[PDB]
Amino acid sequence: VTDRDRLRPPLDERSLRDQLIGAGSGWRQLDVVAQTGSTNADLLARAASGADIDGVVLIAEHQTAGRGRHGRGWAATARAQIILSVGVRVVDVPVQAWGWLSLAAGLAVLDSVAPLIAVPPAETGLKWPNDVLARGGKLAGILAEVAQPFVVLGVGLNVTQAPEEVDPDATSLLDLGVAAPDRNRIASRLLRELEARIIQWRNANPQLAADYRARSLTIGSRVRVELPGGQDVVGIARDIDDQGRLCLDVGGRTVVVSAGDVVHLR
């Protein structure tokens, strides 16, 4: 609404650079753009033209042609979200492990905003693959895309974004009770958490998988999983495997899902 605009000051690119680029940090470049079609598309394009995008950060105040998984979209209004993409060199890591990079990103986003909530409402955590949920609503969405030797990780985090503006199943920090969320502080914490999780992923650190399981809303829940191609499978999510795939219990039979949309059931 018009009133939420007063809760949406611009990002401070100068300050973010000061905090996030320098000794002790792996981020090599940070830019804030007023507007773009898709931050993911932009970093993919840079890589396609020969740019080294490892440790490169692109943040957009507004995104007009946002991309979701499986060809879906991502909606946004100006300054209502933290909208960013980062580049990650992955060629040094076995391809079977790349799926965990996306899971690590969701964990980073969750950890960056979790303390901002006074009372953690029911169902606050990670829905497989890496939706960030709070009170059943989708607080953030992550998209990982390949451009050898890189992966581009994209984060869309609803800070003051109203559900009526983007999606009926959406939520935001503001709609979770955070009266005056500071995107500058949140973006800084997010990128610091993200660096740590990427390093963990790159070194196959056991704590990454352990920390993910600890925050998983999906593991242990009855789910309907919509597979690519339109088929549904119903069962109980039991675990995540070493490729980041979802292990389903279907009446005693194990079904491993590499990609799909999860609906938590009663």
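When you see a residue number, it is the position in the sequence shown, counting from 1. For clarity, a rigid core is taken as the largest C-alpha set superposing within 1.5 Å between two forms.
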121-129 or 169-177, the stretch lying farther from the shown form in 8 other deposited structures of this protein by root mean square CA distance over structures and residues, after core fitting, is 121-129
Per the PDB entry, mean CA B-factor is higher for 195-203 or 48-56, namely for 48-56
Per the PDB entry, mean CA B-factor is higher for 255-263 or 2-10, namely for 2-10
Note to self: of 211, 239, 61, 232, the C-alpha temperature factor tops out at 232
The largest CA temperature factor among 126, 88, 117, 155 is found at 117
Temperature factor at the Cα of residue 138, chain-ranked in thirds, falls in the lowest
Here the Cα B-factor of residue 250, set against its chain, lands in the third termed highest
Split the chain's modelled residues into thirds by Cα B-factor; residue 77 lands in the highest
On the chain's distribution of Cα B-factors, residue 66 falls within the third called lowest
Among the modelled residues of its chain, the C-alpha B-factor of residue 171 falls in the third labelled lowest
